[PDB]
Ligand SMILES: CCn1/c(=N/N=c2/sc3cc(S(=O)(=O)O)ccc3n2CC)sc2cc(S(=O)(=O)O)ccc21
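Take a look at this one chain, the form deposited without the ligand, written out in structure tokens.
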């Protein structure tokens, strides 16, 4: 297999505005098919990249900065990854739309799966309204990320390389003196399988297919043989012996990580999806499902000279392999100090996170299609079925998510962030047989990591997860879905209409 830790970690350049004034910041980002080397020992790989880059450029904005991004499709008219036409029913083959994940945006700038467009906007989906997206950024400082969200193609377009980081900086947080600038580094983690000729591999069918099954066929999960951070296989990063802030983003299709440091040292978590936690949290390890973000500090001060592996204990389709997917990247504490470390790891970060208008019971279920494939469904509805999740703007609801399946689903709501209330185990067999919910244990409050603001949340097997969200500030057409892209595309995604009575 590919030799670990021979390439330096790329750090995406920060995007520069096409035009900027005190009143408006205007960016242009074009999707392009490009070639990039993923590892010292591979031929260059054909990829799709925002501005031809994988990951795309990091976008940095201030809270309340009035930002517009014209996302453009300049991609080939044919895909290079296997499209399954059976999963969705004259349209272009390559459809794209950019979703600012965690963004608080009007609905027509949110990247709705049916607001897609082909090259040069020649054809546009049924809910397309605009070319230039508006991001008012009137929301908490946080780590966001952007990625393709096109109907029935998300797993493919994201796997092709269409992901990037988007950081909101709230100037009110500057006084905390968290590690900043060169000492504040995003880590976009994406697992991939790569052929010997350097081409991306994505499966065209499940294992040992019926013959029979459409070809290509969607698969219900994807586990890559190799781990990349910031577009490089198993990279190293030379760090100074001092505190760093890392914006850890899981940009993988299916894979969940469980991260630790191989010297047994601690992370300090300072932030979750929705921004700074009320208090910093000392952690030895953490799980990180698709689309979750952990904003962390690692203090290398006492580790000068050392090589420390960011390790992973979570398997994907099997036990983790010590020589491969057990590794993420390697820190080498060998960079000389550019200056005194004047950063801080404060205990007190932010304030702690209303009438309950509605309690919504939701189940994670599904059925089998005519080919015998599993179709994952929220409340046994298709995407296309009339909308049922219709919160009223400005009101708070509790959503109670029942998971009687065998696996965890990272459930994501667009627009809002939410609080995690609790998780409670139930009798799966009794639920499947009668629809009756019978608890087998008391409710468990969230771990400290989940006591702030979240937008993507692990709903574990045989549990009811309860979250609470206030729906706003915008009314309109949004989405909620599982963020395992293989599940999202078939068909674990539903409209979420926030209404204005």
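Numbering follows the first chain given and starts at 1.
There is another form of this protein, the form deposited with the ligand bound, and it is not shown here; the text below is about that form.
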4.5 Å heavy atom contact, residue 378 and the ligand in the bound PDB entry
no
Please run the contact check for residue 308 against the ligand in the bound PDB entry: heavy atoms, 4.5 angstroms, yes or no?
no
Using the partner position in the bound PDB entry, report whether residue 317 sits within 4.5 Å of the ligand, counting heavy atoms only.
yes
In the bound PDB entry, is there a heavy atom of the ligand that lies within 4.5 Å of any heavy atom of residue 283, even though the partner is absent here?
no
One stretch from 228-236, 166-174, 403-411, 68-76 that, in the bound PDB entry, holds residues within 4.5 Å of the ligand by heavy atom
403-411
Single option in 333, 200, 221, 261 placed near the ligand in the bound PDB entry, where near means a heavy atom within 4.5 Å
221
Between 254, 269, 137, 96, only one gets a heavy atom within 4.5 angstroms of the ligand in the bound PDB entry; which residue is that?
254
Under the 4.5 Å heavy atom criterion, name the residues of 465-492 that approach the ligand in the bound PDB entry, in sequence order.
487
